Amino acid sequence: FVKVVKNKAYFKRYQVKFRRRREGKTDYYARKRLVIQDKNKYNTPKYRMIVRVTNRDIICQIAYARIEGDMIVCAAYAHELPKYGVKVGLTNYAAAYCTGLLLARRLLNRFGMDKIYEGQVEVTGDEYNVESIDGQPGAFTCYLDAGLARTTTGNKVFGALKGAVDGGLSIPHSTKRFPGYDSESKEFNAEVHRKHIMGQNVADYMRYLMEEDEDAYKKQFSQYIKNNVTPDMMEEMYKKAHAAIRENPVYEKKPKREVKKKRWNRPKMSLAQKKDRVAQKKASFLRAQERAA
Amino acid sequence: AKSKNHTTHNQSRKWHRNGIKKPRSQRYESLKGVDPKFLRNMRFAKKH
Amino acid sequence: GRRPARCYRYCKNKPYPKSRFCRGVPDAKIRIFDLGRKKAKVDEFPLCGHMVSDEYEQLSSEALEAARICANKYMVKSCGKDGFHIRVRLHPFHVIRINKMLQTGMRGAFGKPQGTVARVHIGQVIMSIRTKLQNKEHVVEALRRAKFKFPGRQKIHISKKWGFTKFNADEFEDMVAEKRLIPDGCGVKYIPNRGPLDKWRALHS
Amino acid sequence: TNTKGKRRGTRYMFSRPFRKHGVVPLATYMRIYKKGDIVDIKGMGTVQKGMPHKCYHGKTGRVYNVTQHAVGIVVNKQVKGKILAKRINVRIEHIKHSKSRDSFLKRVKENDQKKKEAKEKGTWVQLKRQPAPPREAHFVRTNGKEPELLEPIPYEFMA
Amino acid sequence: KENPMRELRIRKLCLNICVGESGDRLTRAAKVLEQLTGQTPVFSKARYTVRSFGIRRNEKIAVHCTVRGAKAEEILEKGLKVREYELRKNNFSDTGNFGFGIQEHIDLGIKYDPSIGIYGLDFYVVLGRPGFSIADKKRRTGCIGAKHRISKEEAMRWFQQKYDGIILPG
RNA sequence: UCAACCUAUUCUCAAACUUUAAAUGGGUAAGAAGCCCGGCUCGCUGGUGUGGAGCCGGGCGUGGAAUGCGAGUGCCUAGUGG
RNA sequence: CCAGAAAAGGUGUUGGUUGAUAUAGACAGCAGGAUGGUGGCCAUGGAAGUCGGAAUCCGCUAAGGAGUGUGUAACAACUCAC
RNA sequence: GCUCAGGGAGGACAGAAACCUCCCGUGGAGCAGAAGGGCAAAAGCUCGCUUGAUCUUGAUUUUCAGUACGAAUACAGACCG
RNA sequence: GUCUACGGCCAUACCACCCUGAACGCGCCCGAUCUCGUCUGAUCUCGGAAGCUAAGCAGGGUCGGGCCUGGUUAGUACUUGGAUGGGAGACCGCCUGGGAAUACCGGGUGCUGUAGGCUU
Ligand SMILES: [Mg+2]
Ligand SMILES: [Mg+2]
Ligand SMILES: [Mg+2]
Ligand SMILES: [Mg+2]
Ligand SMILES: [Mg+2]
Ligand SMILES: [Mg+2]
Ligand SMILES: [Mg+2]
Ligand SMILES: [Mg+2]
Ligand SMILES: [Mg+2]
Ligand SMILES: [Mg+2]
Ligand SMILES: [Mg+2]
Ligand SMILES: [Mg+2]
């Protein structure tokens with residue numbers, strides 16, 4: 001045979017990693033360099049802009065760390081986009097830009113700095129950086145959090161970054177990772193970045209799949225056909241959504257329904273029940289052995 | 001001609017006969033070894 | 001060959017075992033520690049007598065083997081060749097040192113490994129013999145005549161434990177009949193009320 | 001003679017405790033230290049930048065200087081017959097608040113609170129902590145049954 | 001009944017040719033693999049140095065290539081038409097994968113060429129199941145449970161069912 | 001069968017082994033240089049008269065464990081270093 | 001401190017623990033028995049209870065070991081357990 | 001971006017050991033060396049770019065008389081990666 | 001009742017196997033044109049929503065291993081201070097205070113912060 005490797009001594013000596021490390025959600029080596037404040041700043045908050053891209057959503061939220069747990073100050077999800085007129089295609093780059101913009105303008109609405117630092121009204125995709133206006137309250141700066149995303153060129157985390165930057169946040173960045181930075185020649189095609197923001201990567205592919213095989217087109221873009229969006233509706237829809245977001249970025253909470261108090265799972269049984277279980281198990285095994293023998 | 005090498009025998013008796021005096025408690029301690037761009041700030045806050 | 005054992009008697013030094021640092025240690029000449037009919041069950045040698053030290057001293061590994069041979073040679077005469085089980089329960093680990101002279105003097109003094117010795121606390125079982133309950137005085141006399149090989153002071157105590165176990169003699173057959181401990185050779189295995197229930201089923205089946 | 005290394009004889013002193021190896025938890029980092037905080041020193045092996053020396057492990061001092069990652073602190077270190085209030089720069093992992101101060105702080109606020117109280121009453125409360133006094137007289141109720149007799153147990157050489 | 005995501009499927013097929021020496025043998029052992037696969041293979045270096053085999057540290061001694069999907073199923077059925085759709089009981093791993101080897105490459109489709117020479121090759125079929133990407137995705141990695149993993153008899157019944165393969169006892 | 005191997009058991013150990021882990025011991029704290037308000041200044045930090053620090057002005061004594069005792073401070077200096 | 005002793009022993013004497021047997025008459029002590037199969041099997045030149053290896057029963061019994069010791073070439077003769 | 005030492009099951013020649021693959025794997029590896037500490041989306045391994053191995057004034061720690069040198073720790077001003 | 005995003009303390013949260021998961025999620029899943037990266041669209045990146053709790057994950061179970069917290073072991077081992085105490089010594093008893101750790105026997109099996117949903 002072979003020695004059992006997950007031995008009782010193995011479980012005695014075994015040390016766990018952190019809970020979020022075991023779940024996989026948190027990179028602590030990146031987290032400590034992101035989130036810790038210099039000690040001569042003395043309880044001054046250090047705001048970070050967390051982007052998490054999901055299968056059906058994009059979570060964009062701004063947070064600073066206290067001891068008992070980091071406070072979220074503002075949030076903006078991709079499933080708030082049908083309020084602003086994006087019915088469908090919620091996990092793509094354009095929706096990432098829209099929710100970054102919504103996070104930015106909603107935070108500026110919370111702090112009362114809407115009419116100052118309005119940022120790029122006309123989307124271009126250049127180097128944009130919010131200069132702080134003297135005599136006014138200074139521009140909000142925060143630091144981009146990507147978590148565990150491989151930050152290569154064209155990432156929707158950098159799409160949400162461009163959304164917050166054009167919304168008016170002073171996030172430090174550079175145009176190496178935006179879609180359009182040509183790798184071999186080291187320049188940045190802002191028109192390509194702009195059509196990626198406005199979604200012509202999806203609309204051009206939609207016009208592509210309309211050509212050769214339309215049931216594959218319906219298999220790819222199903223609810224685009226159901227929600228009546230077409231490649232000539234595409235760019236104007238995102239521009240109307242940008243105008244709607246920059247017009248009214250405040251967020252309502254849904255009124256809470258009164259609970260029925262229904263226990264949807266199975267609660268933890270006491271020690272009396274699980275001692276009685278094995279008592280009648282031993283009684284059952286003995287009374288089933290004595291007759292079968 | 002060997003010798004006794006190291007000892008700490010009569011040393012504690014020699015210390016306490018004048019006493020191990022604790023350092024001089026004094027308010028307004030100095031500002032040497034403080035962060036110099038903090039102390040620039042402090043000196044401009046004093047001069048204005 | 002070796003110097004008298006009144007020299008290396010008291011537990012003076014720190015326990016200095018045969019290890020990575022002390023190398024070249026000559027082997028302690030006791031190497032058989034238990035013998036007799038050591039291949040036996042627990043049911044057939046209940047009685048057990050312990051030679052218990054009563055001094056904090058060092059017993060040499062040569063005196064251990066001398067006393068083992070003296071306690072074996074009596075019971076092969078007395079109890080027959082398979083009617084007992086000696087277990088010496090002090091393995092020697094403390095290696096002792098020797099500064100031998102040939103003229104340098106005392107300068108540069110740290111001994112070479114000479115022998116191995118066993119440091120024995122107050123009230124500790126040196127040797128223990130299990131046999132039938134009818135061979136009680138044979139254990140007493142065997143341990144008595146094996147006392148004279150050791151230095152110091154030893155008493156002889158016949159325990160209340162069933163053989164080489166940690167369970168009492170008035171409770172051993174009770175707990176066997178209750179199936180709370182099961183034989184596996186020289187000793188027993190204690191079954192708690194804590195395992196998974198299939199191990200309960202497998203012993204009650 | 002002994003070597004005079006910076007880290008001689010600290011194989012258990014800066015060692016991490018059992019099953020507490022690995023990543024430093026971040027609430028050590030997220031705790032702000034202002035000027036004049038009474039604060040303890042306990043070096044950590046996982047980080048090596050800003051190690052306080054092994055004569056300061058377990059000493060309590062007072063913060064005088066705060067930098068980005070580290071803290072200056074005046075600790076009392078005893079040199080053969082005297083005690084120097086000397087100042088050292090310690091990185092933020094190796095240092096932790098003293099709870100020997102906040103019990104005094106809450107006692108100051110507590111007895112100034114009850115000195116503001118009972119001032120309009122005229123009630124004179126006691127504020128100096130007296131030591132644990134001798135126990136006063138009290139009836140022990142032998143309710144019913146008698147005290148149980150104890151005897152020295154007879155000797156049996158159980159070994 | 002049946003739940004269609006525990007339907008058993010292949011997830012990769014790995015080829016190698018370990019020529020055991022570098023140079024013109026090995027660089028054509030790669031050229032036969034790109035004839036098989038339509039993609040460039042990768043030279044594996046030697047991990048240690050054993051003078052008995054004639055290899056040294058970091059010598060290019062083997063060439064390997066992994067294939068997925070329909071091209072993998074094509075190369076698999078070519079090799080099984082070589083091996084007569086018949087394998088053995090011992091050819092199957094405990095974890096559920098299997099594999100075998102072919103003694104010369106001219107049988108499974110490759111025209112014999114004198115500049116290439118002759119080369120034997122290995123298959124290894126890594127059977128998957130929809131859900132085995134949990135083990136190697138980056139963000140929330142986890143093990144894949146106990147019901148879901150492949151036994152050995154599930155691989156045996158998969159091979160006896162999919163291709164009507166003959167498992168001989170041995 | 002003899003062995004290695006594997007699984008629960010068992011006898012005996014460590015200055016340069018260790019999960020646990022004392023006694024004696026080592027820091028710090030036991031208020032007026034402390035608290036509690038109001039207002040300035042700053043070229044540092046800053047979503048924010050945010051943060052921190054320094055200044056002015058005011059109010060608080062039941063002097064905040066026990067015991068004991070005057071304390072601080074500076075020159076010059078012999079002998080000693082088996 | 002500190003100026004001298006141990007293992008081991010003693011039917012000297014004094015305490016103490018534990019277990020036996022004893023008016024169904026013990027411990028001594030003086031007397032009477034101490035038998036048969038049988039000179040039990042292996043062996044050995046000879047071993048008859050008595051140098052050796054394993055067994056170790058029965059009968060008659062108030063009671064006697066296939067023998068505790070002295071003896072013998074081997075017996076005999078004596079002695080002991082009972 | 002990866003995960004090590006080792007082990008189990010497999011795969012033409014191939015074996016005890018060459019290469020491919022699956023699974024277990026709290027470190028049993030590696031970090032130039034002596035040992036000790038420390039380390040797992042790293043301090044290890046592999047890639048890309050590099051010269052913070054640079055210019056400069058103070059403070060502090062270590063040995064210590066509370067002196068040097070060596071070594072190291074916080075800062076600060078430049079130029080940079 | 002519960003989940004997601006980010007957390008705090010880091011096993012009362014780990015590990016193995018089994019059972020159940022309404023809704024919203026989180027996932028698995030379908031693809032490779034574009035951004036991106038590989039031998040390989042497996043991973044990473046990008047575009048989706050045909051299918052599905054099978055797995056991840058969540059809740060629960062195991063006279064479960066572990067871990068955590070108590071009892072016993074134990075006023076035992078060790079120990080501050082003391083004696084013109086014993087003992088040839090080794091070491092031991094006492095006075096004054098402090099006081100552990102296995103084996104063995106119980107009990108527990110994540111709490112919680114900020115933000116947003118679901119149970120209309
Ligand atoms: Mg990172
Ligand atoms: Mg001298
Ligand atoms: Mg002599
Ligand atoms: Mg010595
Ligand atoms: Mg890294
Ligand atoms: Mg390095
Ligand atoms: Mg895919
Ligand atoms: Mg599932
Ligand atoms: Mg399920
Ligand atoms: Mg358990
Ligand atoms: Mg919660
Ligand atoms: Mg209803």
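These residue numbers are counts, starting from 1, taken along the chain as shown.
Here the Cβ of each residue, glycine as well, is placed from N, Cα and C on the backbone.
Here is what Swiss-Prot says about this protein:
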COMPBIAS  A:256-266  compositional bias 'Basic residues'
CROSSLNK  A:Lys218  SUMO2 cross-link
CROSSLNK  A:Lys218  SUMO1 cross-link
MOD_RES   A:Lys3  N6-acetyllysine
MOD_RES   A:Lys46  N6-acetyllysine
MOD_RES   A:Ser183  phosphoserine
MOD_RES   A:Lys218  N6-acetyllysine
MOD_RES   A:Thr230  phosphothreonine
MOD_RES   A:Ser270  phosphoserine
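Structure coloured by features recorded in Swiss-Prot.
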residue	record	CB count, 10 Å
A:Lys3	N6-acetyllysine	5
A:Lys46	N6-acetyllysine	17
A:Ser183	phosphoserine	8
A:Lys218	SUMO2 cross-link	13
A:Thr230	phosphothreonine	13
A:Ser270	phosphoserine	9
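Recorded residues A:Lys218 (SUMO2 cross-link) and A:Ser183 (phosphoserine) have their alpha carbons 34 Å apart, per Cα-Cα distance. Taking the C-alpha atom of A:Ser270 (phosphoserine) as reference, the shortest distance to any of the modified residues A:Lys3, A:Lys46, A:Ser183, A:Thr230 belongs to A:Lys3. For the pair formed by A:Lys46 (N6-acetyllysine) and A:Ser183 (phosphoserine), distance between Cα atoms is given as 33 Å, rounded to the nearest Å. A:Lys218 (SUMO2 cross-link) carries a helical DSSP state (H, G or I). Secondary structure by DSSP for the compositional bias 'Basic residues' (A:256-266): 0 helix, 0 strand, 11 coil.
Cα to Cα, A:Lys3 (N6-acetyllysine) and A:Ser183 (phosphoserine) are separated by 52 Å. On a Cα basis, A:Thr230 (phosphothreonine) lies 32 Å away from A:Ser183 (phosphoserine).
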